[PDB]
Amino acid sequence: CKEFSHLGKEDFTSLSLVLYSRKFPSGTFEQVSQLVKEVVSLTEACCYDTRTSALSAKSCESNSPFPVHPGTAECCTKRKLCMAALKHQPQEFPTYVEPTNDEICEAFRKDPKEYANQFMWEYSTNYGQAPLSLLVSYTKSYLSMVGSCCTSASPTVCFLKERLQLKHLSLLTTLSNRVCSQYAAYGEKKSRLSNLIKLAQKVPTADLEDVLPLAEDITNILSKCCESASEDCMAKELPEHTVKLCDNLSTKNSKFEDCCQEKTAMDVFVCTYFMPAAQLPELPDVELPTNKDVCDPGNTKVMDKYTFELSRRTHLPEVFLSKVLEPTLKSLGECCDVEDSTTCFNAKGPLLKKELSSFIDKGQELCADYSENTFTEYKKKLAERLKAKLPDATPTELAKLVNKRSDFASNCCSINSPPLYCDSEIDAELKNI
């Protein structure tokens, strides 16, 4: 109620559209607009579960106006406020594409309101994991640009200049959506390890000491800035993070040196982000940390050292590594709070080693040749491998397997593969062939 008054009607409604578009990434323009239509109608005539209930209720109605969370129609079976318990899944495959200047201005003069609403909805559903404060700030600035540029002396020049002034906020928002989505999908502890893994893969040359502080720092920034309703801090924190990146890795790797030479902190960050897993020196094998030092609740130095060492020695994608480390380390951890840890470790050790080895072997089998070749060249070697394992396979059957397996590998064998999507795709591929 307090916000509705201080913000007004139209503005409070704008905030809501962005707010609810983030919540229902899969929702349609119509549905989200409809839900917001009545959420305001509520606040207004209540500034009260008389309307709050009418909302949750009219939400289950088969073929309902409102957008639906996965599990809504399910747990609706009725309390009945299970809906608030349901967590929303991010959109990992953004499809937002900015129209041409003409497309923008024609749409804008014809219907200024719906053009801005369609934009706030589509931009927010696509990059809904970026901080609310940032989305609101970018979409308001963007609409202001559209507003002034389409009626300027020369829209073309206006747009060229104004988009340049907005590039920073623009890249910051999509970048923030990407890293915060990964953060929300994994949770703080796994995100931290995930980032430690990726840095290890990008610079196996470095020592644990060069990358750990960085995994720590990015993690601190995300837990602090990924969620803010009015004052964004991603812009305040990320630049100094690139300074740490360069201080520690600028001289440890040629490619990092080049990244660190770019014009802005944003460019340095993006550049390091897109950097793929480099060729690994292939050092000696590393045994699981089956020792009392992993029991330190105060530190994770041991778990971090193992994670780091495993990453710079095992040619496997981070989505795979992060996936198996969690259960593995948790299993080890079960030998901590017992009367005799040594006996527990000596028993669990041989078992975890085989399970890990099996997972790793299968994962490297699923991603074989992807990283070292161009997609096309990958597709070619992949077929040869399949041909050798399936001599009686018709060319059609081989084509289908090549298609399926190359689809999986393009989605889940890259350093920046989608966590949520791959988690389930990996489960399936593991019990394959």
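Numbers follow the displayed sequence, beginning with 1.
Engineer: Select one of none, 1 to 3, 4 to 9, or 10 or more to describe the deposited residues without coordinates separating residue 47 and residue 48.
Structural biologist: In the record, 4 to 9 residues between residue 47 and residue 48 lack coordinates.
Engineer: Does the entry skip any residues of the deposited sequence between residue 78 and residue 79, and if so, is it 1 to 3, 4 to 9, or 10 or more, or none at all?
Structural biologist: The entry has 4 to 9 unmodelled residues between residue 78 and residue 79.
Engineer: Averaged over C-alpha atoms, is the B-factor higher for 268-276 or for 218-226 in this PDB entry?
Structural biologist: Looking at the recorded C-alpha B-factors, 268-276 comes out higher on average.
Engineer: Once you work out the mean C-alpha B-factor for both 297-305 and 316-324 from the entry, which is higher?
Structural biologist: For C-alpha atoms only, the mean B-factor is higher in 297-305.
Engineer: Sort 176, 195, 253, 201 by C-alpha B-factor from the entry and give me just the highest.
Structural biologist: Answer, based on the entry's C-alpha B-factors: 253.
Engineer: Tell me, please, which of 64, 406, 396, 364 has the highest C-alpha B factor according to the deposited entry?
Structural biologist: Of the candidates given, the C-alpha B-factor peaks at 64.
Engineer: When the deposited Cα B-factors of this chain's modelled residues are ordered and cut into thirds, is residue 241 in the lowest, the middle or the highest one?
Structural biologist: Residue 241: CA B-factor falls in the lowest third of its chain.
Engineer: Using the B-factor values recorded in the entry, state whether the Cα atom of residue 167 falls in the lowest, middle or highest third among the modelled residues of its chain.
Structural biologist: For residue 167, whose C-alpha B-factor we compare with every modelled residue in the chain, the answer is the middle third.
Engineer: Going by the recorded CA B-factors, say which third of the chain residue 10 sits in, lowest, middle or highest.
Structural biologist: Highest third of the chain for residue 10's C-alpha B-factor.
Engineer: Sort the modelled residues of this chain by their C-alpha B factor and say whether residue 1 lands in the lowest, middle or highest third.
Structural biologist: Highest third, going by the recorded CA B-factors of the chain.
Engineer: Against its chain's modelled residues, does residue 430's Cα B factor rank lowest, middle or highest third?
Structural biologist: Highest third, going by the recorded CA B-factors of the chain.
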